[PDB]
Structure formats: structure tokens, C-alpha cells
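Next up, start.cif (mmCIF, N, CA and C atoms):
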```
data_my_file
loop_
_atom_site.label_atom_id
_atom_site.label_comp_id
_atom_site.auth_asym_id
_atom_site.auth_seq_id
_atom_site.Cartn_x
_atom_site.Cartn_y
_atom_site.Cartn_z
N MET A 1 1.06 12.22 -16.96
CA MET A 1 2.35 11.50 -17.07
C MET A 1 3.18 11.63 -15.75
N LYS A 2 3.95 10.58 -15.43
CA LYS A 2 4.83 10.64 -14.26
C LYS A 2 6.12 9.98 -14.60
N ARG A 3 7.16 10.41 -13.90
CA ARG A 3 8.49 9.83 -13.91
C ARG A 3 8.56 8.85 -12.72
N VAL A 4 9.57 8.00 -12.74
CA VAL A 4 9.73 7.02 -11.65
C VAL A 4 9.85 7.83 -10.33
N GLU A 5 10.62 8.92 -10.30
CA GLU A 5 10.84 9.63 -9.07
C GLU A 5 9.50 10.19 -8.56
N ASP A 6 8.56 10.47 -9.44
CA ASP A 6 7.23 10.96 -8.95
C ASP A 6 6.47 9.88 -8.25
N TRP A 7 6.48 8.65 -8.77
CA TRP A 7 5.80 7.54 -8.09
C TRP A 7 6.41 7.38 -6.67
N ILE A 8 7.77 7.41 -6.59
CA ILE A 8 8.40 7.21 -5.29
C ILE A 8 8.06 8.41 -4.37
N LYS A 9 8.05 9.67 -4.84
CA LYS A 9 7.68 10.78 -3.94
C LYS A 9 6.25 10.53 -3.51
N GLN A 10 5.34 10.13 -4.40
CA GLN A 10 3.93 9.92 -3.96
C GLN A 10 3.95 8.87 -2.88
N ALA A 11 4.78 7.85 -3.04
CA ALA A 11 4.72 6.78 -1.99
C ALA A 11 5.32 7.29 -0.69
N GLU A 12 6.40 8.08 -0.71
CA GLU A 12 7.00 8.55 0.52
C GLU A 12 6.00 9.46 1.23
N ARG A 13 5.22 10.24 0.44
CA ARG A 13 4.28 11.18 1.13
C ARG A 13 3.10 10.35 1.71
N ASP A 14 2.64 9.33 1.00
CA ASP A 14 1.55 8.48 1.50
C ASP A 14 2.03 7.83 2.84
N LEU A 15 3.31 7.35 2.93
CA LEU A 15 3.83 6.78 4.21
C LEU A 15 3.81 7.81 5.29
N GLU A 16 4.29 9.00 5.03
CA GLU A 16 4.26 10.07 6.06
C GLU A 16 2.88 10.31 6.48
N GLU A 17 1.94 10.36 5.54
CA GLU A 17 0.53 10.65 5.97
C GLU A 17 -0.04 9.45 6.73
N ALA A 18 0.38 8.22 6.40
CA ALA A 18 -0.13 7.07 7.19
C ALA A 18 0.31 7.15 8.62
N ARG A 19 1.61 7.48 8.83
CA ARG A 19 2.05 7.64 10.23
C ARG A 19 1.30 8.76 10.91
N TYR A 20 1.08 9.89 10.18
CA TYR A 20 0.37 11.02 10.78
C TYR A 20 -1.09 10.54 11.16
N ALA A 21 -1.73 9.80 10.26
CA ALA A 21 -3.08 9.36 10.57
C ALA A 21 -3.04 8.46 11.78
N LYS A 22 -2.06 7.58 11.90
CA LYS A 22 -2.02 6.68 13.15
C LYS A 22 -1.88 7.58 14.36
N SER A 23 -1.05 8.62 14.28
CA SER A 23 -0.89 9.52 15.47
C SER A 23 -2.11 10.16 15.87
N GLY A 24 -3.03 10.39 14.97
CA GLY A 24 -4.32 10.98 15.30
C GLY A 24 -5.43 9.98 15.74
N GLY A 25 -5.07 8.69 15.73
CA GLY A 25 -6.02 7.62 16.04
C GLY A 25 -6.81 7.15 14.84
N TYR A 26 -6.41 7.54 13.62
CA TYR A 26 -7.23 7.23 12.46
C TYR A 26 -6.73 6.01 11.76
N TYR A 27 -7.01 4.88 12.41
CA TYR A 27 -6.31 3.64 11.94
C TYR A 27 -6.75 3.11 10.62
N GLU A 28 -8.04 3.23 10.26
CA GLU A 28 -8.41 2.80 8.96
C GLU A 28 -7.76 3.63 7.85
N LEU A 29 -7.58 4.94 8.16
CA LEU A 29 -6.89 5.83 7.23
C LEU A 29 -5.41 5.41 7.10
N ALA A 30 -4.80 5.23 8.21
CA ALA A 30 -3.39 4.78 8.13
C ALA A 30 -3.30 3.51 7.27
N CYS A 31 -4.28 2.60 7.35
CA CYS A 31 -4.19 1.35 6.50
C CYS A 31 -4.42 1.62 5.07
N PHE A 32 -5.41 2.53 4.75
CA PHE A 32 -5.58 2.87 3.36
C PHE A 32 -4.38 3.49 2.75
N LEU A 33 -3.76 4.47 3.49
CA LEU A 33 -2.61 5.24 2.97
C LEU A 33 -1.36 4.31 2.85
N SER A 34 -1.32 3.28 3.70
CA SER A 34 -0.20 2.29 3.54
C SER A 34 -0.40 1.50 2.25
N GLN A 35 -1.64 1.10 1.89
CA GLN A 35 -1.81 0.45 0.63
C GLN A 35 -1.50 1.36 -0.52
N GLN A 36 -1.84 2.67 -0.43
CA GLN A 36 -1.47 3.61 -1.47
C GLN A 36 0.00 3.72 -1.60
N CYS A 37 0.77 3.78 -0.46
CA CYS A 37 2.18 3.82 -0.48
C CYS A 37 2.76 2.63 -1.30
N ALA A 38 2.33 1.44 -0.94
CA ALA A 38 2.90 0.24 -1.61
C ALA A 38 2.57 0.24 -3.08
N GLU A 39 1.28 0.55 -3.37
CA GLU A 39 0.86 0.56 -4.81
C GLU A 39 1.70 1.59 -5.61
N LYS A 40 1.91 2.81 -5.15
CA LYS A 40 2.70 3.78 -5.86
C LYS A 40 4.15 3.34 -6.02
N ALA A 41 4.74 2.81 -4.97
CA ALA A 41 6.13 2.30 -5.07
C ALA A 41 6.26 1.20 -6.11
N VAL A 42 5.35 0.25 -6.13
CA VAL A 42 5.43 -0.88 -7.10
C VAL A 42 5.17 -0.30 -8.47
N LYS A 43 4.30 0.71 -8.60
CA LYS A 43 4.19 1.24 -10.02
C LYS A 43 5.45 2.00 -10.45
N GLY A 44 6.14 2.61 -9.52
CA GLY A 44 7.38 3.27 -9.74
C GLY A 44 8.42 2.22 -10.23
N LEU A 45 8.44 1.10 -9.50
CA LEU A 45 9.41 0.03 -9.91
C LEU A 45 9.07 -0.49 -11.32
N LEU A 46 7.82 -0.72 -11.57
CA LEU A 46 7.41 -1.29 -12.94
C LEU A 46 7.81 -0.31 -14.00
N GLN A 47 7.68 0.99 -13.74
CA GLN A 47 8.11 1.94 -14.75
C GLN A 47 9.58 1.94 -14.94
N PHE A 48 10.36 1.81 -13.86
CA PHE A 48 11.80 1.83 -13.94
C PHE A 48 12.25 0.62 -14.73
N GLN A 49 11.47 -0.46 -14.63
CA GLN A 49 11.84 -1.77 -15.27
C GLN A 49 11.36 -1.81 -16.70
N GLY A 50 10.60 -0.74 -17.05
CA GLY A 50 9.96 -0.60 -18.37
C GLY A 50 9.01 -1.77 -18.59
N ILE A 51 8.44 -2.30 -17.49
CA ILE A 51 7.58 -3.53 -17.47
C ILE A 51 6.08 -3.37 -17.18
N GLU A 52 5.38 -2.54 -17.96
CA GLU A 52 3.96 -2.22 -17.72
C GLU A 52 2.80 -3.22 -17.57
N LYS A 53 2.18 -3.18 -16.38
CA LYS A 53 1.05 -4.02 -16.05
C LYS A 53 0.04 -3.06 -15.45
N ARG A 54 -1.20 -3.50 -15.32
CA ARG A 54 -2.23 -2.64 -14.75
C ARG A 54 -3.18 -3.34 -13.78
N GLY A 55 -3.93 -2.52 -13.04
CA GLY A 55 -4.86 -3.00 -12.03
C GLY A 55 -4.39 -2.30 -10.75
N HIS A 56 -5.09 -2.52 -9.65
CA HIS A 56 -4.65 -1.88 -8.40
C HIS A 56 -4.28 -2.94 -7.39
N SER A 57 -4.22 -4.18 -7.83
CA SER A 57 -3.82 -5.24 -6.90
C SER A 57 -2.30 -5.17 -6.84
N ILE A 58 -1.69 -4.96 -5.64
CA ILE A 58 -0.27 -4.87 -5.61
C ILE A 58 0.35 -6.24 -5.94
N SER A 59 -0.30 -7.28 -5.48
CA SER A 59 0.15 -8.61 -5.74
C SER A 59 0.17 -8.99 -7.24
N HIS A 60 -0.79 -8.49 -8.00
CA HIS A 60 -0.81 -8.88 -9.41
C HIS A 60 0.19 -8.09 -10.13
N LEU A 61 0.62 -6.94 -9.59
CA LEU A 61 1.62 -6.11 -10.23
C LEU A 61 3.03 -6.69 -10.11
N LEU A 62 3.28 -7.47 -9.08
CA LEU A 62 4.59 -8.05 -8.90
C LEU A 62 4.79 -9.32 -9.74
N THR A 63 6.06 -9.59 -10.00
CA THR A 63 6.51 -10.78 -10.71
C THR A 63 7.62 -11.47 -9.87
N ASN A 64 7.29 -12.61 -9.31
CA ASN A 64 8.25 -13.40 -8.54
C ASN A 64 8.96 -12.63 -7.44
N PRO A 65 8.17 -11.86 -6.71
CA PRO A 65 8.85 -11.12 -5.61
C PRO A 65 9.23 -12.09 -4.43
N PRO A 66 10.05 -11.60 -3.48
CA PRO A 66 10.40 -12.43 -2.32
C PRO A 66 9.11 -12.75 -1.58
N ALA A 67 9.07 -13.84 -0.81
CA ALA A 67 7.96 -14.27 0.00
C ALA A 67 7.36 -13.16 0.95
N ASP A 68 8.26 -12.45 1.61
CA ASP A 68 7.80 -11.47 2.55
C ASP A 68 7.11 -10.33 1.84
N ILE A 69 7.55 -10.03 0.63
CA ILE A 69 6.94 -8.94 -0.17
C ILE A 69 5.56 -9.39 -0.66
N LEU A 70 5.49 -10.62 -1.23
CA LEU A 70 4.17 -11.11 -1.59
C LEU A 70 3.19 -11.16 -0.36
N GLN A 71 3.68 -11.55 0.84
CA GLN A 71 2.81 -11.61 2.02
C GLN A 71 2.31 -10.20 2.37
N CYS A 72 3.20 -9.22 2.33
CA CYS A 72 2.68 -7.86 2.61
C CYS A 72 1.83 -7.31 1.46
N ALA A 73 2.18 -7.57 0.20
CA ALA A 73 1.30 -7.08 -0.89
C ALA A 73 -0.10 -7.74 -0.70
N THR A 74 -0.19 -9.03 -0.50
CA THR A 74 -1.52 -9.67 -0.28
C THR A 74 -2.26 -9.02 0.87
N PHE A 75 -1.55 -8.74 1.98
CA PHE A 75 -2.17 -8.16 3.16
C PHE A 75 -2.64 -6.76 2.80
N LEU A 76 -1.82 -5.93 2.15
CA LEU A 76 -2.25 -4.55 1.88
C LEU A 76 -3.40 -4.52 0.84
N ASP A 77 -3.39 -5.50 -0.04
CA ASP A 77 -4.42 -5.54 -1.11
C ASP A 77 -5.77 -5.69 -0.48
N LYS A 78 -5.86 -6.20 0.73
CA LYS A 78 -7.18 -6.30 1.38
C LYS A 78 -7.70 -4.92 1.90
N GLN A 79 -6.89 -3.86 1.94
CA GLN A 79 -7.33 -2.60 2.51
C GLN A 79 -8.17 -1.87 1.41
N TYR A 80 -8.95 -0.83 1.81
CA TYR A 80 -10.01 -0.22 0.94
C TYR A 80 -10.10 -0.10 -0.59
N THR A 81 -11.10 -0.95 -0.82
CA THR A 81 -12.03 -1.70 -1.64
C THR A 81 -12.63 -2.22 -0.28
N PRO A 82 -13.54 -3.19 -0.24
CA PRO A 82 -13.48 -4.03 -1.48
C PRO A 82 -14.85 -4.13 -1.23
N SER A 83 -15.64 -3.82 -2.27
CA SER A 83 -17.03 -3.48 -2.05
C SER A 83 -17.26 -4.82 -1.32
N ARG A 84 -17.07 -5.92 -2.05
CA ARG A 84 -17.20 -7.25 -1.46
C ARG A 84 -16.08 -8.19 -1.94
N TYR A 85 -15.03 -7.63 -2.55
CA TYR A 85 -13.86 -8.41 -2.99
C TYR A 85 -12.68 -7.46 -3.24
N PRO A 86 -11.50 -7.75 -2.61
CA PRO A 86 -11.20 -8.88 -1.69
C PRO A 86 -12.13 -8.92 -0.44
N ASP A 87 -13.34 -9.46 -0.57
CA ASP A 87 -14.36 -9.50 0.51
C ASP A 87 -14.24 -9.11 1.97
N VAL A 88 -13.27 -9.58 2.78
CA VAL A 88 -13.43 -9.30 4.19
C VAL A 88 -13.55 -7.81 4.83
N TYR A 89 -14.50 -7.18 4.19
CA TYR A 89 -14.94 -5.87 4.61
C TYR A 89 -15.71 -5.90 5.92
N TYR A 90 -15.64 -4.86 6.73
CA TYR A 90 -16.41 -4.88 7.98
C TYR A 90 -17.79 -4.41 7.75
N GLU A 91 -18.64 -4.92 8.68
CA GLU A 91 -20.06 -4.46 8.68
C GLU A 91 -20.09 -3.12 9.43
N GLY A 92 -21.13 -2.30 9.03
CA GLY A 92 -21.35 -1.04 9.68
C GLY A 92 -20.39 0.02 9.16
N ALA A 93 -19.98 0.86 10.11
CA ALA A 93 -18.96 2.01 9.77
C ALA A 93 -17.59 1.34 10.01
N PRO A 94 -16.87 1.12 8.92
CA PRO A 94 -15.61 0.36 9.07
C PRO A 94 -14.62 0.90 10.05
N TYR A 95 -14.50 2.24 10.13
CA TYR A 95 -13.41 2.78 10.93
C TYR A 95 -13.49 2.41 12.40
N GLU A 96 -14.74 2.11 12.84
CA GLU A 96 -14.89 1.81 14.22
C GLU A 96 -14.23 0.47 14.64
N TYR A 97 -13.86 -0.31 13.64
CA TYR A 97 -13.40 -1.63 13.89
C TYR A 97 -11.94 -1.86 13.57
N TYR A 98 -11.23 -0.79 13.22
CA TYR A 98 -9.78 -0.91 13.05
C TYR A 98 -9.06 -0.61 14.35
N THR A 99 -7.83 -1.12 14.50
CA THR A 99 -7.08 -0.95 15.74
C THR A 99 -5.70 -0.47 15.47
N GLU A 100 -5.06 -0.10 16.54
CA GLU A 100 -3.70 0.46 16.38
C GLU A 100 -2.74 -0.67 15.79
N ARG A 101 -2.93 -1.95 16.19
CA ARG A 101 -2.13 -3.01 15.58
C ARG A 101 -2.30 -3.08 14.07
N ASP A 102 -3.52 -2.84 13.52
CA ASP A 102 -3.71 -2.91 12.11
C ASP A 102 -2.89 -1.77 11.52
N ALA A 103 -2.95 -0.59 12.11
CA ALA A 103 -2.12 0.50 11.54
C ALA A 103 -0.66 0.15 11.50
N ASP A 104 -0.18 -0.41 12.61
CA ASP A 104 1.23 -0.81 12.59
C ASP A 104 1.50 -1.83 11.55
N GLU A 105 0.69 -2.88 11.39
CA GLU A 105 1.00 -3.92 10.37
C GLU A 105 0.91 -3.35 8.96
N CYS A 106 -0.05 -2.51 8.73
CA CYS A 106 -0.16 -1.90 7.38
C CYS A 106 1.03 -0.93 7.17
N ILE A 107 1.39 -0.03 8.08
CA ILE A 107 2.49 0.91 7.86
C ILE A 107 3.76 0.07 7.62
N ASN A 108 3.97 -0.88 8.50
CA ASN A 108 5.24 -1.64 8.32
C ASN A 108 5.34 -2.45 7.10
N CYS A 109 4.21 -2.97 6.58
CA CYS A 109 4.30 -3.62 5.28
C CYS A 109 4.57 -2.63 4.20
N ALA A 110 3.95 -1.41 4.27
CA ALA A 110 4.28 -0.33 3.28
C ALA A 110 5.76 0.03 3.31
N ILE A 111 6.37 0.09 4.52
CA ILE A 111 7.79 0.41 4.61
C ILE A 111 8.58 -0.74 3.99
N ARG A 112 8.17 -1.98 4.24
CA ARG A 112 8.93 -3.16 3.65
C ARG A 112 8.87 -3.05 2.16
N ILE A 113 7.70 -2.80 1.57
CA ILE A 113 7.62 -2.71 0.09
C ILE A 113 8.31 -1.51 -0.47
N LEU A 114 8.20 -0.33 0.14
CA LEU A 114 8.84 0.85 -0.33
C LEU A 114 10.36 0.68 -0.27
N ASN A 115 10.87 0.05 0.79
CA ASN A 115 12.37 -0.06 0.85
C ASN A 115 12.81 -1.09 -0.16
N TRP A 116 12.02 -2.13 -0.38
CA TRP A 116 12.43 -3.23 -1.34
C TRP A 116 12.41 -2.61 -2.75
N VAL A 117 11.44 -1.73 -3.04
CA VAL A 117 11.46 -1.10 -4.35
C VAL A 117 12.64 -0.17 -4.44
N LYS A 118 12.95 0.66 -3.43
CA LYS A 118 14.03 1.63 -3.52
C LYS A 118 15.37 0.90 -3.80
N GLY A 119 15.46 -0.29 -3.24
CA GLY A 119 16.71 -1.03 -3.35
C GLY A 119 16.95 -1.43 -4.78
N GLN A 120 15.92 -1.48 -5.58
CA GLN A 120 16.08 -1.96 -6.94
C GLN A 120 16.22 -0.91 -7.97
N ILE A 121 16.00 0.34 -7.56
CA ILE A 121 16.03 1.43 -8.58
C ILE A 121 17.47 1.84 -8.37
N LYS A 122 18.24 1.07 -9.17
CA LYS A 122 19.72 0.94 -9.28
C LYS A 122 20.32 0.09 -8.08
#
```

Output the file's structure in the form of C-alpha cells.
Amino acid sequence: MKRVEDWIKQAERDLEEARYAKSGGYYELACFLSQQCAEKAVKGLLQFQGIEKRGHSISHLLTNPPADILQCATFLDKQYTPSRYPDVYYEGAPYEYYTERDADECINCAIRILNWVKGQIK
């Protein structure tokens, strides 16, 4: 069991670890941890709203969110999975093909979703 504040602490710690992973050059990790951040924040919001849905797609968890939030949820939903769906997985060892720009786009979308959720919990 978790309280709303636990979902938000999990998301704040996932963001801190994503930045830490980018500092170490671990860009695929920073992208995974950014998707974890967003997913935990949106589950925190759904609990606060008493509005239960399931799955790990951040986009399917939202209901009529702003355009920028849906764009970042769709973007983050592509991060680790997807055996072959959301398909665009890399061939070979994935980490070798991520870049510092991907880490920045993933971290910043996690920050956009985490702040948008915080704004709504009151």
C-alpha cells in the first residue's frame, strides 16, 4: 500500500537518480528513470483524485491532460520496454546508442510531468 505522498517521494527520488545517471554518462538509465519518475507522479495524482486506472503507459493513465503533458507522456512511454512495442527499440546493446540530448529530453519531460502533477495536489 502507498499514500499519495509516497508516490511523489518515489518520483522525486527517480528524478534525482536520473540526473545522477546523466552525470555519470549513463544516458539510457537517465531515460528509464525519467519514465519511472513520470509514471510514479501520475499514479500519485490518480490516487489523490481517487480515480484508479492501471497499466504502465503514462499516456493511458491520463485523462484530457494539456497538450505538452500528453507529448511528454507519449515520449517517455517509449523508454524501456518495449520488447517490440512501443517498438522503436535499438538493435544490439541499447545503451550504446543513447545520447546526452536524449537524457536531457527525458529528464525535462519528467520534470514537466512531476511539476504539473504537484500543481494539482491541492

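Atom C of residue A:42 lies 6.9 Å from atom C of residue A:61.
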
For the point (3.2, 5.9, 1.7) in file coordinates, what residues are within 5 Å, counting only N, CA and C atoms? Give the answer as a compact mmCIF listing (two decimals) with N, CA and C atoms, in the coordinates of the input?
```
# COMPACT_ATOMS: atom_id res chain seq x y z
N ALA A 11 4.78 7.85 -3.04
CA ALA A 11 4.72 6.78 -1.99
C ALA A 11 5.32 7.29 -0.69
N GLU A 12 6.40 8.08 -0.71
CA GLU A 12 7.00 8.55 0.52
C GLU A 12 6.00 9.46 1.23
N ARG A 13 5.22 10.24 0.44
CA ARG A 13 4.28 11.18 1.13
C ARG A 13 3.10 10.35 1.71
N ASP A 14 2.64 9.33 1.00
CA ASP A 14 1.55 8.48 1.50
C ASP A 14 2.03 7.83 2.84
N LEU A 15 3.31 7.35 2.93
CA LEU A 15 3.83 6.78 4.21
C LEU A 15 3.81 7.81 5.29
N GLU A 16 4.29 9.00 5.03
CA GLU A 16 4.26 10.07 6.06
C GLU A 16 2.88 10.31 6.48
N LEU A 33 -3.76 4.47 3.49
CA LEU A 33 -2.61 5.24 2.97
C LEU A 33 -1.36 4.31 2.85
N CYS A 37 0.77 3.78 -0.46
CA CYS A 37 2.18 3.82 -0.48
C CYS A 37 2.76 2.63 -1.30
```

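The protein and nucleic acid residues lying at most 7 Å from stretch 73-79 of chain A are residues 31, 32, 34, 35, 56, 57, 58, 59, 68, 69, 70, 71, 81, 82, 86, 106 and 109 of chain A, with all atoms listed in the file considered and sequence neighbours fewer than 2 positions away removed.
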
(message) as JSON, numbers by chain, please: the residues near residue A:97 (cut-off 8 Å, all atoms listed in the file, same-chain neighbours under 4 positions excluded).
(response) {"A": [27, 28, 90, 92, 93]}

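What the PyMOL selection byres (((chain A and resi 41 and name CA) around 7) and name CA) picks from this file is residues 7, 8, 11, 37, 38, 39, 40, 42, 43, 44, 45, 114 and 117 of chain A.
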
(message) Could you pull out the helix (DSSP H, G or I) residues of stretch 22-121 of chain A, going by DSSP on the backbone, and write them as a ChimeraX atom specification?
(response) /A:22-23,27-48,58-61,67-77,94-97,100-120

(request) Could you tell me how far atom C of residue A:103 lies from atom N of residue A:29, in Å and to one decimal? (result) 9.1 Å

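Between atom CA of residue A:111 and atom CA of residue A:67 the separation is 15.4 Å.
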
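With distances restricted to only C-alpha atoms, A:30 is the closest residue to residue A:95 from A:64, A:30, A:116, A:19.
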